[PDB]
Every structure is written in structure tokens, then in C-alpha cells.
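Undergrad: Provided below: run17.pdb, containing PDB, N, CA and C atoms and all ligand atoms.
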```
ATOM      1  N   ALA A 678     -16.114  -2.904  12.273  1.00  0.00           N
ATOM      2  CA  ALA A 678     -15.726  -2.760  13.673  1.00  0.00           C
ATOM      3  C   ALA A 678     -16.677  -1.830  14.421  1.00  0.00           C
ATOM      4  N   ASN A 679     -16.579  -1.833  15.749  1.00  0.00           N
ATOM      5  CA  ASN A 679     -17.354  -0.914  16.574  1.00  0.00           C
ATOM      6  C   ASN A 679     -16.503   0.288  16.969  1.00  0.00           C
ATOM      7  N   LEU A 680     -16.456   1.276  16.084  1.00  0.00           N
ATOM      8  CA  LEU A 680     -15.543   2.406  16.217  1.00  0.00           C
ATOM      9  C   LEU A 680     -15.906   3.334  17.373  1.00  0.00           C
ATOM     10  N   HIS A 681     -17.186   3.372  17.730  1.00  0.00           N
ATOM     11  CA  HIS A 681     -17.639   4.176  18.862  1.00  0.00           C
ATOM     12  C   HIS A 681     -17.119   3.603  20.182  1.00  0.00           C
ATOM     13  N   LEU A 682     -17.262   2.292  20.339  1.00  0.00           N
ATOM     14  CA  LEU A 682     -16.767   1.593  21.518  1.00  0.00           C
ATOM     15  C   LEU A 682     -15.246   1.651  21.561  1.00  0.00           C
ATOM     16  N   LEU A 683     -14.621   1.407  20.411  1.00  0.00           N
ATOM     17  CA  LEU A 683     -13.169   1.466  20.294  1.00  0.00           C
ATOM     18  C   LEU A 683     -12.629   2.798  20.809  1.00  0.00           C
ATOM     19  N   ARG A 684     -13.238   3.893  20.358  1.00  0.00           N
ATOM     20  CA  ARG A 684     -12.823   5.227  20.774  1.00  0.00           C
ATOM     21  C   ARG A 684     -12.923   5.361  22.289  1.00  0.00           C
ATOM     22  N   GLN A 685     -14.070   4.949  22.814  1.00  0.00           N
ATOM     23  CA  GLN A 685     -14.369   5.020  24.238  1.00  0.00           C
ATOM     24  C   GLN A 685     -13.357   4.256  25.098  1.00  0.00           C
ATOM     25  N   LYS A 686     -13.075   3.009  24.734  1.00  0.00           N
ATOM     26  CA  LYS A 686     -12.174   2.170  25.524  1.00  0.00           C
ATOM     27  C   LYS A 686     -10.719   2.618  25.428  1.00  0.00           C
ATOM     28  N   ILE A 687     -10.311   3.123  24.268  1.00  0.00           N
ATOM     29  CA  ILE A 687      -8.950   3.638  24.126  1.00  0.00           C
ATOM     30  C   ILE A 687      -8.807   4.936  24.916  1.00  0.00           C
ATOM     31  N   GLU A 688      -9.858   5.752  24.929  1.00  0.00           N
ATOM     32  CA  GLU A 688      -9.857   6.962  25.746  1.00  0.00           C
ATOM     33  C   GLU A 688      -9.684   6.604  27.218  1.00  0.00           C
ATOM     34  N   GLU A 689     -10.380   5.556  27.642  1.00  0.00           N
ATOM     35  CA  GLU A 689     -10.322   5.099  29.029  1.00  0.00           C
ATOM     36  C   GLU A 689      -8.895   4.716  29.429  1.00  0.00           C
ATOM     37  N   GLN A 690      -8.225   3.958  28.567  1.00  0.00           N
ATOM     38  CA  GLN A 690      -6.861   3.522  28.836  1.00  0.00           C
ATOM     39  C   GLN A 690      -5.842   4.649  28.696  1.00  0.00           C
ATOM     40  N   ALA A 691      -6.014   5.488  27.675  1.00  0.00           N
ATOM     41  CA  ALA A 691      -5.092   6.597  27.427  1.00  0.00           C
ATOM     42  C   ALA A 691      -5.073   7.563  28.605  1.00  0.00           C
ATOM     43  N   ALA A 692      -6.213   7.689  29.272  1.00  0.00           N
ATOM     44  CA  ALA A 692      -6.325   8.569  30.426  1.00  0.00           C
ATOM     45  C   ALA A 692      -5.388   8.144  31.564  1.00  0.00           C
ATOM     46  N   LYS A 693      -4.949   6.889  31.555  1.00  0.00           N
ATOM     47  CA  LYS A 693      -4.063   6.395  32.611  1.00  0.00           C
ATOM     48  C   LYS A 693      -2.621   6.882  32.457  1.00  0.00           C
ATOM     49  N   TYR A 694      -2.248   7.287  31.247  1.00  0.00           N
ATOM     50  CA  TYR A 694      -0.910   7.823  31.011  1.00  0.00           C
ATOM     51  C   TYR A 694      -0.959   9.334  31.180  1.00  0.00           C
ATOM     52  N   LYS A 695      -0.080   9.863  32.023  1.00  0.00           N
ATOM     53  CA  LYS A 695      -0.202  11.251  32.453  1.00  0.00           C
ATOM     54  C   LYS A 695       0.764  12.197  31.736  1.00  0.00           C
ATOM     55  N   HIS A 696       1.204  11.807  30.541  1.00  0.00           N
ATOM     56  CA  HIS A 696       2.031  12.657  29.685  1.00  0.00           C
ATOM     57  C   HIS A 696       1.664  12.397  28.225  1.00  0.00           C
ATOM     58  N   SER A 697       1.752  13.427  27.392  1.00  0.00           N
ATOM     59  CA  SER A 697       1.292  13.320  26.006  1.00  0.00           C
ATOM     60  C   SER A 697       2.125  12.329  25.186  1.00  0.00           C
ATOM     61  N   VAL A 698       3.384  12.123  25.562  1.00  0.00           N
ATOM     62  CA  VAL A 698       4.205  11.183  24.805  1.00  0.00           C
ATOM     63  C   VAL A 698       3.710   9.728  24.978  1.00  0.00           C
ATOM     64  N   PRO A 699       3.574   9.228  26.229  1.00  0.00           N
ATOM     65  CA  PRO A 699       3.023   7.871  26.300  1.00  0.00           C
ATOM     66  C   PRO A 699       1.549   7.797  25.878  1.00  0.00           C
ATOM     67  N   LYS A 700       0.815   8.902  25.984  1.00  0.00           N
ATOM     68  CA  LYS A 700      -0.549   8.942  25.454  1.00  0.00           C
ATOM     69  C   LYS A 700      -0.528   8.659  23.956  1.00  0.00           C
ATOM     70  N   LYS A 701       0.385   9.312  23.240  1.00  0.00           N
ATOM     71  CA  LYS A 701       0.502   9.102  21.803  1.00  0.00           C
ATOM     72  C   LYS A 701       0.928   7.672  21.486  1.00  0.00           C
ATOM     73  N   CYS A 702       1.780   7.097  22.328  1.00  0.00           N
ATOM     74  CA  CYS A 702       2.170   5.698  22.154  1.00  0.00           C
ATOM     75  C   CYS A 702       0.957   4.784  22.224  1.00  0.00           C
ATOM     76  N   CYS A 703       0.084   5.057  23.189  1.00  0.00           N
ATOM     77  CA  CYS A 703      -1.198   4.363  23.293  1.00  0.00           C
ATOM     78  C   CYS A 703      -2.041   4.527  22.029  1.00  0.00           C
ATOM     79  N   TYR A 704      -2.259   5.771  21.615  1.00  0.00           N
ATOM     80  CA  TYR A 704      -3.076   6.037  20.443  1.00  0.00           C
ATOM     81  C   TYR A 704      -2.497   5.379  19.186  1.00  0.00           C
ATOM     82  N   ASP A 705      -1.179   5.448  19.009  1.00  0.00           N
ATOM     83  CA  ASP A 705      -0.527   4.799  17.866  1.00  0.00           C
ATOM     84  C   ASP A 705      -0.683   3.274  17.925  1.00  0.00           C
ATOM     85  N   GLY A 706      -0.546   2.715  19.124  1.00  0.00           N
ATOM     86  CA  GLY A 706      -0.731   1.288  19.343  1.00  0.00           C
ATOM     87  C   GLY A 706      -2.121   0.840  18.925  1.00  0.00           C
ATOM     88  N   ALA A 707      -3.119   1.654  19.245  1.00  0.00           N
ATOM     89  CA  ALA A 707      -4.499   1.290  18.941  1.00  0.00           C
ATOM     90  C   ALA A 707      -4.784   1.334  17.434  1.00  0.00           C
ATOM     91  N   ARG A 708      -3.919   1.994  16.669  1.00  0.00           N
ATOM     92  CA  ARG A 708      -4.103   2.082  15.222  1.00  0.00           C
ATOM     93  C   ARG A 708      -3.657   0.817  14.501  1.00  0.00           C
ATOM     94  N   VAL A 709      -2.901  -0.026  15.194  1.00  0.00           N
ATOM     95  CA  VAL A 709      -2.341  -1.230  14.587  1.00  0.00           C
ATOM     96  C   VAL A 709      -3.451  -2.187  14.170  1.00  0.00           C
ATOM     97  N   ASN A 710      -3.578  -2.385  12.861  1.00  0.00           N
ATOM     98  CA  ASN A 710      -4.691  -3.132  12.298  1.00  0.00           C
ATOM     99  C   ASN A 710      -4.348  -3.689  10.914  1.00  0.00           C
ATOM    100  N   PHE A 711      -3.107  -4.131  10.742  1.00  0.00           N
ATOM    101  CA  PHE A 711      -2.683  -4.713   9.464  1.00  0.00           C
ATOM    102  C   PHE A 711      -2.158  -6.137   9.705  1.00  0.00           C
ATOM    103  N   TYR A 712      -1.130  -6.582   8.982  1.00  0.00           N
ATOM    104  CA  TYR A 712      -0.764  -7.998   9.109  1.00  0.00           C
ATOM    105  C   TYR A 712       0.167  -8.280  10.293  1.00  0.00           C
ATOM    106  N   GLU A 713       0.823  -7.242  10.806  1.00  0.00           N
ATOM    107  CA  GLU A 713       1.686  -7.393  11.984  1.00  0.00           C
ATOM    108  C   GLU A 713       0.891  -7.437  13.282  1.00  0.00           C
ATOM    109  N   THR A 714       1.240  -8.369  14.160  1.00  0.00           N
ATOM    110  CA  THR A 714       0.607  -8.456  15.471  1.00  0.00           C
ATOM    111  C   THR A 714       1.117  -7.345  16.388  1.00  0.00           C
ATOM    112  N   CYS A 715       0.461  -7.161  17.532  1.00  0.00           N
ATOM    113  CA  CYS A 715       0.893  -6.140  18.482  1.00  0.00           C
ATOM    114  C   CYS A 715       2.340  -6.380  18.915  1.00  0.00           C
ATOM    115  N   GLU A 716       2.672  -7.640  19.181  1.00  0.00           N
ATOM    116  CA  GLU A 716       4.017  -7.995  19.614  1.00  0.00           C
ATOM    117  C   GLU A 716       5.057  -7.709  18.525  1.00  0.00           C
ATOM    118  N   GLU A 717       4.713  -8.027  17.280  1.00  0.00           N
ATOM    119  CA  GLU A 717       5.616  -7.786  16.159  1.00  0.00           C
ATOM    120  C   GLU A 717       5.826  -6.288  15.952  1.00  0.00           C
ATOM    121  N   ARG A 718       4.745  -5.521  16.045  1.00  0.00           N
ATOM    122  CA  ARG A 718       4.799  -4.100  15.746  1.00  0.00           C
ATOM    123  C   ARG A 718       5.468  -3.289  16.865  1.00  0.00           C
ATOM    124  N   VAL A 719       5.227  -3.653  18.124  1.00  0.00           N
ATOM    125  CA  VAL A 719       5.805  -2.904  19.241  1.00  0.00           C
ATOM    126  C   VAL A 719       7.320  -3.120  19.371  1.00  0.00           C
ATOM    127  N   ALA A 720       7.829  -4.172  18.741  1.00  0.00           N
ATOM    128  CA  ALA A 720       9.249  -4.499  18.835  1.00  0.00           C
ATOM    129  C   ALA A 720      10.142  -3.375  18.306  1.00  0.00           C
ATOM    130  N   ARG A 721       9.579  -2.516  17.454  1.00  0.00           N
ATOM    131  CA  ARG A 721      10.330  -1.421  16.833  1.00  0.00           C
ATOM    132  C   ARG A 721      10.093  -0.080  17.525  1.00  0.00           C
ATOM    133  N   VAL A 722       9.419  -0.109  18.671  1.00  0.00           N
ATOM    134  CA  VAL A 722       9.202   1.094  19.464  1.00  0.00           C
ATOM    135  C   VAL A 722      10.322   1.237  20.491  1.00  0.00           C
ATOM    136  N   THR A 723      11.143   2.274  20.345  1.00  0.00           N
ATOM    137  CA  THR A 723      12.394   2.338  21.101  1.00  0.00           C
ATOM    138  C   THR A 723      12.508   3.487  22.092  1.00  0.00           C
ATOM    139  N   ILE A 724      11.399   4.118  22.462  1.00  0.00           N
ATOM    140  CA  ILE A 724      11.507   5.260  23.367  1.00  0.00           C
ATOM    141  C   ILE A 724      11.075   4.963  24.800  1.00  0.00           C
ATOM    142  N   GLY A 725      11.369   3.765  25.274  1.00  0.00           N
ATOM    143  CA  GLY A 725      11.294   3.517  26.704  1.00  0.00           C
ATOM    144  C   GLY A 725      10.155   2.624  27.139  1.00  0.00           C
ATOM    145  N   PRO A 726      10.267   2.074  28.358  1.00  0.00           N
ATOM    146  CA  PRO A 726       9.329   1.082  28.889  1.00  0.00           C
ATOM    147  C   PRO A 726       7.888   1.580  29.014  1.00  0.00           C
ATOM    148  N   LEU A 727       7.670   2.818  29.448  1.00  0.00           N
ATOM    149  CA  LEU A 727       6.302   3.322  29.583  1.00  0.00           C
ATOM    150  C   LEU A 727       5.600   3.392  28.233  1.00  0.00           C
ATOM    151  N   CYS A 728       6.303   3.943  27.254  1.00  0.00           N
ATOM    152  CA  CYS A 728       5.807   4.049  25.893  1.00  0.00           C
ATOM    153  C   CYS A 728       5.468   2.678  25.322  1.00  0.00           C
ATOM    154  N   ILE A 729       6.351   1.718  25.566  1.00  0.00           N
ATOM    155  CA  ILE A 729       6.163   0.346  25.123  1.00  0.00           C
ATOM    156  C   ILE A 729       4.928  -0.288  25.787  1.00  0.00           C
ATOM    157  N   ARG A 730       4.796  -0.108  27.098  1.00  0.00           N
ATOM    158  CA  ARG A 730       3.629  -0.610  27.819  1.00  0.00           C
ATOM    159  C   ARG A 730       2.334   0.018  27.287  1.00  0.00           C
ATOM    160  N   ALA A 731       2.344   1.330  27.066  1.00  0.00           N
ATOM    161  CA  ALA A 731       1.159   2.030  26.573  1.00  0.00           C
ATOM    162  C   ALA A 731       0.760   1.543  25.181  1.00  0.00           C
ATOM    163  N   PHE A 732       1.751   1.415  24.304  1.00  0.00           N
ATOM    164  CA  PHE A 732       1.538   0.892  22.956  1.00  0.00           C
ATOM    165  C   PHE A 732       0.899  -0.494  23.018  1.00  0.00           C
ATOM    166  N   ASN A 733       1.534  -1.364  23.793  1.00  0.00           N
ATOM    167  CA  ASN A 733       1.086  -2.737  24.003  1.00  0.00           C
ATOM    168  C   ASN A 733      -0.348  -2.857  24.485  1.00  0.00           C
ATOM    169  N   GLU A 734      -0.663  -2.145  25.560  1.00  0.00           N
ATOM    170  CA  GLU A 734      -1.972  -2.261  26.192  1.00  0.00           C
ATOM    171  C   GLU A 734      -3.087  -1.731  25.289  1.00  0.00           C
ATOM    172  N   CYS A 735      -2.832  -0.622  24.604  1.00  0.00           N
ATOM    173  CA  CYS A 735      -3.843  -0.043  23.732  1.00  0.00           C
ATOM    174  C   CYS A 735      -3.989  -0.819  22.436  1.00  0.00           C
ATOM    175  N   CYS A 736      -2.888  -1.369  21.932  1.00  0.00           N
ATOM    176  CA  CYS A 736      -2.960  -2.224  20.752  1.00  0.00           C
ATOM    177  C   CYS A 736      -3.790  -3.471  21.050  1.00  0.00           C
ATOM    178  N   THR A 737      -3.576  -4.042  22.231  1.00  0.00           N
ATOM    179  CA  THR A 737      -4.302  -5.242  22.650  1.00  0.00           C
ATOM    180  C   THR A 737      -5.794  -4.960  22.841  1.00  0.00           C
ATOM    181  N   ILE A 738      -6.113  -3.830  23.463  1.00  0.00           N
ATOM    182  CA  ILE A 738      -7.507  -3.441  23.659  1.00  0.00           C
ATOM    183  C   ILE A 738      -8.217  -3.278  22.318  1.00  0.00           C
ATOM    184  N   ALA A 739      -7.589  -2.529  21.418  1.00  0.00           N
ATOM    185  CA  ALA A 739      -8.152  -2.288  20.096  1.00  0.00           C
ATOM    186  C   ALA A 739      -8.368  -3.594  19.341  1.00  0.00           C
ATOM    187  N   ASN A 740      -7.379  -4.477  19.396  1.00  0.00           N
ATOM    188  CA  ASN A 740      -7.474  -5.769  18.725  1.00  0.00           C
ATOM    189  C   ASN A 740      -8.657  -6.612  19.214  1.00  0.00           C
ATOM    190  N   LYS A 741      -8.863  -6.635  20.530  1.00  0.00           N
ATOM    191  CA  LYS A 741      -9.963  -7.379  21.124  1.00  0.00           C
ATOM    192  C   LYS A 741     -11.290  -6.838  20.619  1.00  0.00           C
ATOM    193  N   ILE A 742     -11.419  -5.516  20.598  1.00  0.00           N
ATOM    194  CA  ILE A 742     -12.667  -4.896  20.179  1.00  0.00           C
ATOM    195  C   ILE A 742     -12.961  -5.159  18.702  1.00  0.00           C
ATOM    196  N   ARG A 743     -11.936  -5.094  17.858  1.00  0.00           N
ATOM    197  CA  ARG A 743     -12.130  -5.352  16.439  1.00  0.00           C
ATOM    198  C   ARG A 743     -12.525  -6.806  16.199  1.00  0.00           C
ATOM    199  N   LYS A 744     -11.888  -7.729  16.914  1.00  0.00           N
ATOM    200  CA  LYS A 744     -12.226  -9.148  16.794  1.00  0.00           C
ATOM    201  C   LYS A 744     -13.670  -9.453  17.193  1.00  0.00           C
ATOM    202  N   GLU A 745     -14.204  -8.699  18.150  1.00  0.00           N
ATOM    203  CA  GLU A 745     -15.530  -8.988  18.698  1.00  0.00           C
ATOM    204  C   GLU A 745     -16.674  -8.281  17.973  1.00  0.00           C
ATOM    205  N   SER A 746     -16.350  -7.504  16.946  1.00  0.00           N
ATOM    206  CA  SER A 746     -17.368  -6.764  16.209  1.00  0.00           C
ATOM    207  C   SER A 746     -18.014  -7.621  15.124  1.00  0.00           C
TER     208      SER A 746
HETATM  209 CA    CA A 801      -1.340  16.857  21.692  1.00  0.00          CA
HETATM  210 CA    CA A 802       3.989   6.190  15.342  1.00  0.00          CA
HETATM  211 CA    CA A 803      11.093  12.831  11.120  1.00  0.00          CA
HETATM  212 MG    MG A 804       7.192   9.018  13.340  1.00  0.00          MG
END
```
Before we go any further, please render this structure as C-alpha cells.
TA:
Amino acid sequence: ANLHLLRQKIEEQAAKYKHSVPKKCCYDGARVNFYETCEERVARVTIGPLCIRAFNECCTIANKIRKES
């Protein structure tokens, strides 16, 4: 994968969340890289819509970057 680009793009998106809790949701989302899809994995995130959106968007960004490497 392109870990330098990955870091950069996740930083870009994480900066949009203005609290450390949804920031962490983003960062955790971007770590998703096993057999579960972003949709499957986010289904178990239960701390609110912002957290869910952050997880989703960062997981999707990370997935795109890994696929394109
Ligand atoms: Ca912190
Ligand atoms: Ca977690
Ligand atoms: Ca605990
Ligand atoms: Mg935990």
C-alpha cells in the first residue's frame, strides 16, 4: 500500500471533525483492512451519527487508497 499517501489523506479528512471522539472514529475506520467491509464493520459502531459518518468516510478513503496501490 501507499502508507504515506494514506496518512496524508486520512489526516485531511480527520481535520474536518472538530472533536477528538469523532476524530478517533475516523482513525479507527481507516484501520479497517481485513475481511469485513466498511459497511459490515461500521454496523457495530454505536456512539452516534457523527462517529458513524466519520468511521464510514475514513474507512472508504483508506480502502480506495489501498486498492489503488
Ligand atoms: Ca488524543
Ligand atoms: Ca475502535
Ligand atoms: Ca473497556
Ligand atoms: Mg474499544
Undergrad: Kindly give the distance, in Å, that separates atom CA of ligand CA 801 (chain A) and atom C of residue 701 of chain A, rounded to a single decimal.
TA: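 That distance, rounded to one decimal, is 9.5 Å.
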Undergrad: Using all atoms listed in the file, pick whichever of A:709, A:703, A:692, A:678 has the shortest atom-to-atom distance to residue 733 of chain A.
TA: A:703
Undergrad: Tell me which of A:707, A:715, A:695, A:746 sits closest to residue 727 of chain A, counting only C-alpha atoms.
TA: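 So, comparing all the options, the nearest one is A:695.
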Undergrad: Evaluate the PyMOL selection byres (((not hetatm) and name CA) within 12 of (chain A and resi 801)) against this structure - the residues, as a ChimeraX atom specification, please.
TA: /A:696-702,704
Undergrad: Please give the centre and size of the box around segment 728-736 of chain A (axis-aligned, containing every atom listed in the file, 3 Å added per side), with values in Å to one decimal and written as AutoDock Vina command-line options.
TA:
```
--center_x 1.2 --center_y 0.3 --center_z 24.3 --size_x 16.3 --size_y 13.5 --size_z 13.1
```
Undergrad: Name the residues of chain A that fall into helix (DSSP H, G or I) according to DSSP on the backbone, using the chain letters and numbers of this document, as JSON, numbers by chain.
TA: {"A": [680, 681, 682, 683, 684, 685, 686, 687, 688, 689, 690, 691, 697, 698, 699, 700, 701, 702, 703, 704, 705, 706, 707, 715, 716, 717, 718, 719, 726, 727, 728, 729, 730, 731, 732, 733, 734, 735, 736, 737, 738, 739, 740, 741, 742, 743, 744]}
Undergrad: Expressed in Å to a single decimal, how great is the separation between atom C of residue 689 of chain A and atom CA of residue 710 of chain A?
TA: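 According to the coordinates, atom C of residue 689 of chain A and atom CA of residue 710 of chain A are separated by 19.3 Å.
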Undergrad: Could you please determine the separation between atom CA of residue 744 of chain A and atom CA of residue 725 of chain A in Å, to one decimal place?
TA: 28.5 Å
Undergrad: Taking all atoms listed in the file into account, which of A:729, A:739, A:679, A:745 comes nearest residue 708 of chain A?
TA: A:739
Undergrad: What residues have any atom no more than 12 Å from ligand MG 804 (chain A) when counting only C-alpha atoms and all ligand atoms, and can you list them as a list in words?
TA: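 Listed by chain and ascending number, the contacts are residues 701, 702, 705, 721, 722, 723 and 724 of chain A.
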Undergrad: Counting all atoms listed in the file, which residue out of A:693, A:684, A:731, A:706 sits closest to ligand CA 802 (chain A)?
TA: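 The shortest atom-to-atom distance to ligand CA 802 (chain A) comes from A:706.
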